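One structure below.
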There are 2 protein chains.
Amino acid sequence: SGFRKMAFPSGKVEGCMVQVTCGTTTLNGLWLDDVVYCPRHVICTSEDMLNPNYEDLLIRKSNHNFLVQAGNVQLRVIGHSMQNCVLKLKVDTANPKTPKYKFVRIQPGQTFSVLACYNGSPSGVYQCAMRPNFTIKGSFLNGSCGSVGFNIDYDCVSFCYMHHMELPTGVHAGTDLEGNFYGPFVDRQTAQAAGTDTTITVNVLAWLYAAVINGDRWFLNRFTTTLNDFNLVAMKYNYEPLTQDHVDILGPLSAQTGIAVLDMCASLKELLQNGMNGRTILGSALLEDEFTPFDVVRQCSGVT
Amino acid sequence: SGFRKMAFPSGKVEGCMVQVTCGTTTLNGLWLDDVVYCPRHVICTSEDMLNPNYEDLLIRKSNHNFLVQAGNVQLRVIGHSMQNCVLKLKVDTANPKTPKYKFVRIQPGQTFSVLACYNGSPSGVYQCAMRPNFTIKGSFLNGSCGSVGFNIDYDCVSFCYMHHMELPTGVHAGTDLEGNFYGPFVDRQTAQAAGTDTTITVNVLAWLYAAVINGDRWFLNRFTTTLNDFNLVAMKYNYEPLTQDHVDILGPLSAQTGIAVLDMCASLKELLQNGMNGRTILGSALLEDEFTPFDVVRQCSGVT
Ligand SMILES: Cc1ccncc1NC(=O)Cc1cccc(Cl)c1
Ligand SMILES: Cc1ccncc1NC(=O)Cc1cccc(Cl)c1
């Protein structure tokens, strides 16, 4: 019993964190096999960030200008290349701590753990969601760039995110491990708009199922609804429209609790229209959307 | 910018997790140097838990009855002893992954990271507080017993908690690494009362300081208060009385923000008396008490 915002154990990722220095800028890199991945803005100075020509900037750099340090040992850089917004530094040594891994581009609404790092050293781990507007509400300071987001399936680490930038609104933006930004963001010191962000409806419903399982049932009512009626309410409250695909992934939780998905939707509809009236659900006074249906199943069954 | 419920990187602790089996019961153990620590209830059957005589139960067991498995390799048990509510299994091999460590008994209101484990395998990491009533609101299932709570200071892991029991109210109880329970709990299948739990006032004030630093300032008002006036309000709302010691630890945050501690108390007083009026602070619709003043300083400065 109990429900927590749980992150994956960060050990396999800690063994991959390195510090990358280029000139005066230092940030985090990910050392997998004989390649170090880091944000390409490591090659910029503060003046460059206003409007960087990354190709021209990288041309003034050689293998010896990239200082890669793993813990306390220096790695020899024998190759460098830019792929989208990431730099790939070929080193002469394969990381002995390289776990089984994959690079994956996650979908908005999906969750992942973040290992926040400074100077190649891990400082903390937290669980977050990729917002529908492709931003993350992380906790990152200067020096955190290159910190990564991941998921773990038994022994395989699926890297999904690399931190690049804090928008003027305090929210965060980054790339997949191929250097493609999630969202319309560019790695430039210019005001950039994150779109209107919506609440991840399917995740809120999954979290209401987690609440029923853990004993918080006060919100369950004698009502039901339809996908069309519920979506009229979701639209009014800036919730993502619920589709049959979302209903299908809620199936295991609906089977476990015996509460049909559309019945849970009617509870959510009443919570949206009436608020919580000063009550809490799973220790929260608001509707939580950072737990996918898979996260609820994993946590509620103890998957290691 | 941004403020998250961040846990310590769990890597140094993952390398210590083992599975301990005794008869038909399996739970988690902590392998440090040549000793495996686990809850003593590993020696009980379901029938024993109603009223166990642990000394009599342990006498029927020999070194060979304790099956300790680290990952996939078996450890040879050469000694066994009971210290309070923990079993200490001497193994013939020192854990090569033993980090620098200490055993510490934490105070109520202090925070720590938990590495939830099943069959000696880590499944998740979350940050929590030891409640003033010595319980923790964790996320633990059957098989999680022996999962540990810790803090990390540079390279030293301070182990502070071992999970033993879920109370009939869904809250959790456990021991320090010397087997002493936090609270009045006994490792027995009997209804046990956790006292009245209060909100950790100093942690809420530290979190309001984290809010001001990150931009959420709407709650700041034109008022001030005294320790005695504030404590009258704290008493009414079941908040821990604030002492000069608490004011002293809030000093660094007060210096950083330029908001005197008693001015922050007046904001908290108005929030307690008026609620949030539908607003949020750091993405929360309630007053958060799981961040100590040290956690706010560490997170807001990027301590690795
Ligand atoms: C200071 C900080 C805080 C949190 N995360 C990240 C940062 N750093 C930056 O955003 C630096 C920067 C500036 C313009 C473009 C890019 Cl790609 C990166
Ligand atoms: C089932 C479960 C869920 C979460 N944490 C722990 C558990 N397990 C137990 O509480 C088992 C037990 C029973 C009576 C006394 C003691 Cl010390 C331990």
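Labeling convention for the structure tokens: chains A, B, ... as they appear, residues from 1 per chain, ligands from 1 in order of appearance.
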
Residues within 7 Å of residue 146 of chain A, only C-alpha atoms, excluding chain neighbours under 3 positions, as a ChimeraX atom specification: /A:27-29,38-39,162-164

Given a cut-off of 9 Å, what residues near ligand 1 show up using only C-alpha atoms and all ligand atoms, put as a short mmCIF file (atom, residue, chain, number, x, y, z; two decimals) with N, CA, C and O atoms, in the first residue's frame?
```
data_model
loop_
_atom_site.label_atom_id
_atom_site.label_comp_id
_atom_site.auth_asym_id
_atom_site.auth_seq_id
_atom_site.Cartn_x
_atom_site.Cartn_y
_atom_site.Cartn_z
N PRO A 39 25.09 17.99 -25.04
CA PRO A 39 24.50 19.07 -25.85
C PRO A 39 25.57 19.77 -26.66
O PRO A 39 26.69 19.98 -26.16
N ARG A 40 25.24 20.14 -27.89
CA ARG A 40 26.21 20.80 -28.74
C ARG A 40 26.56 22.21 -28.28
O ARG A 40 27.64 22.70 -28.64
N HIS A 41 25.71 22.84 -27.44
CA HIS A 41 26.01 24.18 -26.96
C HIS A 41 27.24 24.22 -26.03
O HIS A 41 27.66 25.30 -25.65
N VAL A 42 27.87 23.06 -25.74
CA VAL A 42 29.12 23.03 -24.98
C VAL A 42 30.22 23.82 -25.72
O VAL A 42 31.13 24.34 -25.09
N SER A 46 29.02 32.60 -23.88
CA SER A 46 27.74 33.29 -23.62
C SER A 46 27.31 34.15 -24.83
O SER A 46 26.14 34.13 -25.20
N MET A 49 25.63 32.11 -27.80
CA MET A 49 24.26 31.64 -27.59
C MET A 49 23.16 32.53 -28.12
O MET A 49 22.07 32.02 -28.33
N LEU A 50 23.42 33.82 -28.36
CA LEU A 50 22.38 34.70 -28.90
C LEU A 50 21.91 34.25 -30.27
O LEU A 50 20.72 34.23 -30.52
N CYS A 85 21.24 18.43 -32.46
CA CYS A 85 21.72 19.29 -31.37
C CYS A 85 22.63 18.57 -30.35
O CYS A 85 22.86 19.11 -29.27
N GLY A 138 11.11 20.29 -14.78
CA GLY A 138 12.17 19.64 -14.03
C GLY A 138 12.67 20.48 -12.88
O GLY A 138 11.93 21.28 -12.30
N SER A 139 13.90 20.25 -12.52
CA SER A 139 14.60 20.96 -11.47
C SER A 139 16.02 20.94 -11.95
O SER A 139 16.72 19.94 -11.77
N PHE A 140 16.43 22.00 -12.65
CA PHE A 140 17.74 22.05 -13.27
C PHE A 140 18.35 23.43 -13.09
O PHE A 140 17.67 24.42 -13.26
N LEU A 141 19.66 23.49 -12.83
CA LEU A 141 20.38 24.75 -12.71
C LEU A 141 21.42 24.83 -13.83
O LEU A 141 21.57 23.88 -14.60
N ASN A 142 22.21 25.94 -13.90
CA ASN A 142 23.34 26.08 -14.83
C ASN A 142 24.33 24.94 -14.46
O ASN A 142 24.53 24.65 -13.27
N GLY A 143 24.85 24.25 -15.47
CA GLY A 143 25.69 23.09 -15.23
C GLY A 143 24.92 21.78 -15.39
O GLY A 143 25.53 20.73 -15.61
N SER A 144 23.58 21.81 -15.29
CA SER A 144 22.77 20.60 -15.43
C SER A 144 22.63 20.10 -16.85
O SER A 144 22.20 18.97 -17.04
N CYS A 145 22.96 20.93 -17.86
CA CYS A 145 22.81 20.53 -19.26
C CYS A 145 23.57 19.25 -19.57
O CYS A 145 24.70 19.07 -19.10
N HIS A 163 18.82 17.02 -21.25
CA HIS A 163 18.48 18.40 -20.92
C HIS A 163 19.35 19.38 -21.65
O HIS A 163 20.57 19.25 -21.61
N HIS A 164 18.72 20.38 -22.31
CA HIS A 164 19.50 21.41 -22.99
C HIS A 164 19.25 22.80 -22.45
O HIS A 164 20.19 23.55 -22.22
N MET A 165 17.99 23.16 -22.28
CA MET A 165 17.64 24.56 -22.08
C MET A 165 16.50 24.85 -21.12
O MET A 165 15.55 24.08 -21.01
N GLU A 166 16.61 25.97 -20.41
CA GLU A 166 15.56 26.46 -19.55
C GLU A 166 14.94 27.63 -20.30
O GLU A 166 15.65 28.57 -20.68
N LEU A 167 13.66 27.57 -20.53
CA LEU A 167 12.93 28.64 -21.21
C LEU A 167 12.73 29.81 -20.25
O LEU A 167 12.76 29.60 -19.04
N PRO A 168 12.55 31.05 -20.76
CA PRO A 168 12.36 32.19 -19.84
C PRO A 168 11.22 32.01 -18.83
O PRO A 168 11.20 32.68 -17.81
N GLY A 170 10.84 29.35 -16.96
CA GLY A 170 11.26 28.40 -15.94
C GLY A 170 11.02 26.94 -16.25
O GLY A 170 11.35 26.08 -15.43
N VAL A 171 10.41 26.62 -17.41
CA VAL A 171 10.21 25.24 -17.81
C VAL A 171 11.40 24.77 -18.65
O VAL A 171 12.23 25.59 -19.05
N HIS A 172 11.55 23.47 -18.85
CA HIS A 172 12.73 22.92 -19.48
C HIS A 172 12.47 22.26 -20.84
O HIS A 172 11.38 21.78 -21.13
N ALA A 173 13.48 22.29 -21.68
CA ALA A 173 13.42 21.78 -23.03
C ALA A 173 14.68 21.04 -23.33
O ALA A 173 15.78 21.42 -22.89
N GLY A 174 14.53 19.98 -24.11
CA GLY A 174 15.67 19.17 -24.46
C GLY A 174 15.43 18.26 -25.64
O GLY A 174 14.39 18.35 -26.31
N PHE A 185 11.44 23.90 -29.99
CA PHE A 185 12.57 24.60 -29.42
C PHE A 185 13.82 24.47 -30.26
O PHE A 185 13.98 23.50 -31.01
N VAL A 186 14.64 25.52 -30.20
CA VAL A 186 15.95 25.64 -30.84
C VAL A 186 16.96 25.96 -29.74
O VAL A 186 16.63 26.67 -28.80
N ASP A 187 18.18 25.44 -29.85
CA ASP A 187 19.21 25.71 -28.84
C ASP A 187 19.86 27.09 -29.08
O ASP A 187 20.99 27.22 -29.58
N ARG A 188 19.10 28.12 -28.72
CA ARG A 188 19.45 29.51 -28.92
C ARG A 188 18.87 30.35 -27.76
O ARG A 188 17.81 30.02 -27.23
N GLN A 189 19.58 31.40 -27.34
CA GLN A 189 19.20 32.31 -26.26
C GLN A 189 18.23 33.36 -26.83
O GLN A 189 18.57 34.54 -27.04
N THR A 190 17.04 32.90 -27.12
CA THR A 190 15.97 33.72 -27.65
C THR A 190 14.67 33.28 -26.96
O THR A 190 14.55 32.12 -26.56
N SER B 1 16.20 26.63 -12.13
CA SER B 1 14.82 26.82 -11.68
C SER B 1 14.02 25.51 -11.70
O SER B 1 14.45 24.51 -12.29
N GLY B 2 12.91 25.50 -10.98
CA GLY B 2 12.08 24.32 -10.82
C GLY B 2 12.38 23.68 -9.48
O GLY B 2 13.51 23.76 -8.98
#
```

DSSP helix (DSSP H, G or I) residues within segment 218-259 of chain A, listed as a list in words: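 Residues meeting the helix (DSSP H, G or I) criterion: residues 227, 228, 229, 230, 231, 232, 233, 234, 235, 236, 244, 245, 246, 247, 248, 249, 251, 252, 253, 254, 255, 256 and 257 of chain A.
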
With C-alpha atoms retained, write the just-selected residues as a compact mmCIF listing (two decimals), in the first residue's frame.
```txt
# COMPACT_ATOMS: atom_id res chain seq x y z
CA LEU A 227 -16.57 9.42 -24.36
CA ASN A 228 -18.34 12.32 -26.13
CA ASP A 229 -19.88 13.76 -22.91
CA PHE A 230 -16.60 13.36 -21.00
CA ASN A 231 -14.65 15.04 -23.85
CA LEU A 232 -16.95 18.10 -23.72
CA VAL A 233 -15.88 18.45 -20.01
CA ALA A 234 -12.19 17.65 -20.83
CA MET A 235 -12.22 20.44 -23.49
CA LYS A 236 -13.62 22.98 -21.01
CA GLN A 244 -10.57 4.43 -27.21
CA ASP A 245 -6.75 3.79 -27.26
CA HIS A 246 -6.57 5.44 -23.77
CA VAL A 247 -9.61 3.37 -22.61
CA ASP A 248 -7.82 0.21 -23.89
CA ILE A 249 -4.62 0.93 -21.86
CA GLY A 251 -8.21 -2.03 -19.21
CA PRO A 252 -5.88 -3.79 -16.72
CA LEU A 253 -6.75 -1.24 -13.97
CA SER A 254 -10.46 -1.44 -14.80
CA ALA A 255 -10.23 -5.29 -14.58
CA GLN A 256 -8.34 -5.14 -11.25
CA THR A 257 -10.78 -2.65 -9.64
```

Which chain A residues have any atom within 12 Å of an atom of ligand 2, and for each, what is the nearest pair of atoms with distance in Å to one decimal, counting only C-alpha atoms and all ligand atoms, rows sorted by chain and number, as JSON lines?
```
{"residue": "A:1", "atom": "CA", "partner": "ligand 2", "partner_atom_place_in_ligand_line": "4 (C)", "distance": 6.0}
{"residue": "A:2", "atom": "CA", "partner": "ligand 2", "partner_atom_place_in_ligand_line": "4 (C)", "distance": 8.4}
{"residue": "A:3", "atom": "CA", "partner": "ligand 2", "partner_atom_place_in_ligand_line": "4 (C)", "distance": 11.4}
{"residue": "A:214", "atom": "CA", "partner": "ligand 2", "partner_atom_place_in_ligand_line": "3 (C)", "distance": 11.4}
{"residue": "A:300", "atom": "CA", "partner": "ligand 2", "partner_atom_place_in_ligand_line": "3 (C)", "distance": 11.0}
{"residue": "A:301", "atom": "CA", "partner": "ligand 2", "partner_atom_place_in_ligand_line": "3 (C)", "distance": 11.3}
{"residue": "A:302", "atom": "CA", "partner": "ligand 2", "partner_atom_place_in_ligand_line": "3 (C)", "distance": 10.7}
```

Can you list every residue of chain B that has an atom at most 7 Å from chain A, with its nearest atom pair and the distance in Å to one decimal, using only C-alpha atoms, ordered by chain then number, as a tab-separated table?
```
residue	atom	partner	partner_atom	distance
B:1	CA	A:170	CA	5.8
B:2	CA	A:139	CA	4.2
B:3	CA	A:139	CA	5.1
B:4	CA	A:139	CA	5.8
B:5	CA	A:126	CA	6.6
B:6	CA	A:126	CA	5.0
B:7	CA	A:125	CA	5.2
B:8	CA	A:124	CA	4.8
B:9	CA	A:124	CA	5.3
B:10	CA	A:10	CA	5.6
B:11	CA	A:11	CA	3.7
B:14	CA	A:11	CA	6.8
B:118	CA	A:304	CA	6.6
B:121	CA	A:304	CA	5.9
B:122	CA	A:304	CA	5.8
B:123	CA	A:304	CA	4.1
B:124	CA	A:8	CA	4.8
B:125	CA	A:7	CA	5.2
B:126	CA	A:6	CA	5.0
B:137	CA	A:2	CA	6.6
B:138	CA	A:2	CA	5.7
B:139	CA	A:2	CA	4.2
B:140	CA	A:1	CA	5.8
B:141	CA	A:1	CA	6.0
B:170	CA	A:1	CA	5.8
B:285	CA	A:285	CA	5.1
B:286	CA	A:285	CA	6.0
B:302	CA	A:141	CA	6.8
B:303	CA	A:123	CA	6.2
B:304	CA	A:123	CA	4.1
```

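Nearest to residue 263 of chain A of all the residues A:107, A:292, A:98, A:224 is A:224, based on only C-alpha atoms.
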
Those of segment 37-142 of chain B in DSSP strand (DSSP E), formatted as an MDAnalysis selection string: chainID B and resid 37:39 66:70 73:75 77:83 86:91 100:103 111:118 121:129

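Of note, atom CA of residue 97 of chain A and atom CA of residue 31 of chain A are spaced 9.0 Å apart.
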
Nearest to residue 32 of chain A, chosen from A:95, A:175, A:81, A:69, with only C-alpha atoms counted in the distances: A:95

Restrict the calculation to only C-alpha atoms, then for each residue of segment 93-191 of chain A with any atom at most 12 Å from an atom of segment 198-201 of chain A give the closest atom pair and their distance in Å to one decimal, rows by chain and rising residue number, as JSON lines.
```
{"residue": "A:107", "atom": "CA", "partner": "A:200", "partner_atom": "CA", "distance": 11.8}
{"residue": "A:108", "atom": "CA", "partner": "A:200", "partner_atom": "CA", "distance": 8.8}
{"residue": "A:109", "atom": "CA", "partner": "A:200", "partner_atom": "CA", "distance": 5.9}
{"residue": "A:110", "atom": "CA", "partner": "A:200", "partner_atom": "CA", "distance": 9.2}
{"residue": "A:111", "atom": "CA", "partner": "A:200", "partner_atom": "CA", "distance": 10.9}
{"residue": "A:129", "atom": "CA", "partner": "A:200", "partner_atom": "CA", "distance": 9.3}
{"residue": "A:130", "atom": "CA", "partner": "A:200", "partner_atom": "CA", "distance": 9.9}
{"residue": "A:131", "atom": "CA", "partner": "A:198", "partner_atom": "CA", "distance": 7.7}
{"residue": "A:132", "atom": "CA", "partner": "A:198", "partner_atom": "CA", "distance": 6.2}
{"residue": "A:133", "atom": "CA", "partner": "A:198", "partner_atom": "CA", "distance": 7.5}
{"residue": "A:134", "atom": "CA", "partner": "A:198", "partner_atom": "CA", "distance": 10.7}
{"residue": "A:135", "atom": "CA", "partner": "A:198", "partner_atom": "CA", "distance": 11.4}
```

Export of prior selection with C-alpha atoms as a CSV table (one decimal), in the first residue's frame:
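What follows is the written file part-v4.csv:
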```csv
chain,number,residue,atom,x,y,z
A,107,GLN,CA,5.6,10.4,-26.8
A,108,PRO,CA,4.1,13.4,-24.9
A,109,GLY,CA,2.3,12.2,-21.8
A,110,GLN,CA,4.8,9.4,-21.3
A,111,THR,CA,6.9,9.5,-18.1
A,129,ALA,CA,6.3,13.5,-17.5
A,130,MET,CA,6.9,14.9,-21.0
A,131,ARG,CA,4.2,17.6,-21.1
A,132,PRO,CA,1.7,17.5,-24.0
A,133,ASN,CA,3.5,20.8,-25.1
A,134,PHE,CA,6.9,18.9,-25.2
A,135,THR,CA,8.4,20.7,-22.1
```

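In this model, the gap between atom CA of residue 35 of chain B and atom CA of residue 93 of chain B comes to 8.6 Å.
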
Separation of atom CA of residue 193 of chain A from atom CA of residue 87 of chain A in Å: 25.0 Å

Within 10 Å of residue 44 of chain B, counting only C-alpha atoms, which residues show up once you throw out same-chain ones fewer than 3 positions away? Write them as a PDB file with N, CA and C atoms, in the first residue's frame, please.
```
ATOM      1  N   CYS B  22      14.645 -17.577   4.262  1.00  0.00           N
ATOM      2  CA  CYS B  22      14.740 -18.423   5.436  1.00  0.00           C
ATOM      3  C   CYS B  22      13.464 -19.203   5.452  1.00  0.00           C
ATOM      4  N   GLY B  23      13.580 -20.488   5.161  1.00  0.00           N
ATOM      5  CA  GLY B  23      12.430 -21.361   5.032  1.00  0.00           C
ATOM      6  C   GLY B  23      11.629 -20.952   3.819  1.00  0.00           C
ATOM      7  N   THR B  24      10.396 -20.526   4.060  1.00  0.00           N
ATOM      8  CA  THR B  24       9.484 -20.096   3.006  1.00  0.00           C
ATOM      9  C   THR B  24       9.398 -18.570   2.847  1.00  0.00           C
ATOM     10  N   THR B  25       9.983 -17.795   3.767  1.00  0.00           N
ATOM     11  CA  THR B  25       9.913 -16.336   3.688  1.00  0.00           C
ATOM     12  C   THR B  25      11.116 -15.744   2.977  1.00  0.00           C
ATOM     13  N   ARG B  40      14.355  -9.191  11.189  1.00  0.00           N
ATOM     14  CA  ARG B  40      14.374 -10.486  11.844  1.00  0.00           C
ATOM     15  C   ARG B  40      13.134 -11.329  11.561  1.00  0.00           C
ATOM     16  N   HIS B  41      12.021 -10.701  11.123  1.00  0.00           N
ATOM     17  CA  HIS B  41      10.819 -11.461  10.820  1.00  0.00           C
ATOM     18  C   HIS B  41      10.989 -12.395   9.606  1.00  0.00           C
ATOM     19  N   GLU B  47       1.874 -17.820  10.693  1.00  0.00           N
ATOM     20  CA  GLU B  47       1.377 -18.196  12.020  1.00  0.00           C
ATOM     21  C   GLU B  47       2.227 -17.620  13.161  1.00  0.00           C
ATOM     22  N   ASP B  48       3.545 -17.489  12.935  1.00  0.00           N
ATOM     23  CA  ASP B  48       4.459 -16.960  13.944  1.00  0.00           C
ATOM     24  C   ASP B  48       4.224 -15.492  14.200  1.00  0.00           C
ATOM     25  N   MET B  49       3.909 -14.717  13.141  1.00  0.00           N
ATOM     26  CA  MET B  49       3.748 -13.268  13.233  1.00  0.00           C
ATOM     27  C   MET B  49       2.696 -12.774  14.204  1.00  0.00           C
ATOM     28  N   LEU B  50       1.719 -13.606  14.594  1.00  0.00           N
ATOM     29  CA  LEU B  50       0.693 -13.168  15.543  1.00  0.00           C
ATOM     30  C   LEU B  50       1.300 -12.808  16.890  1.00  0.00           C
ATOM     31  N   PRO B  52       5.275 -13.613  17.834  1.00  0.00           N
ATOM     32  CA  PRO B  52       6.545 -14.357  17.713  1.00  0.00           C
ATOM     33  C   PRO B  52       7.489 -14.269  18.895  1.00  0.00           C
ATOM     34  N   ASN B  53       8.079 -15.404  19.279  1.00  0.00           N
ATOM     35  CA  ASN B  53       9.144 -15.398  20.268  1.00  0.00           C
ATOM     36  C   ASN B  53      10.388 -15.539  19.421  1.00  0.00           C
ATOM     37  N   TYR B  54      10.934 -14.403  18.983  1.00  0.00           N
ATOM     38  CA  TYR B  54      12.081 -14.361  18.082  1.00  0.00           C
ATOM     39  C   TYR B  54      13.299 -15.120  18.551  1.00  0.00           C
ATOM     40  N   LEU B  57      12.490 -18.763  17.997  1.00  0.00           N
ATOM     41  CA  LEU B  57      12.428 -19.023  16.562  1.00  0.00           C
ATOM     42  C   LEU B  57      13.800 -19.074  15.900  1.00  0.00           C
ATOM     43  N   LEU B  58      14.696 -18.180  16.312  1.00  0.00           N
ATOM     44  CA  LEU B  58      16.054 -18.107  15.782  1.00  0.00           C
ATOM     45  C   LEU B  58      16.909 -19.306  16.217  1.00  0.00           C
TER      46      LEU B  58
END
```

Selected residue, from B:112, B:159, B:291, B:182, that lies nearest to residue 208 of chain B when counting only C-alpha atoms: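 For residue 208 of chain B, the nearest of the given residues is B:291.
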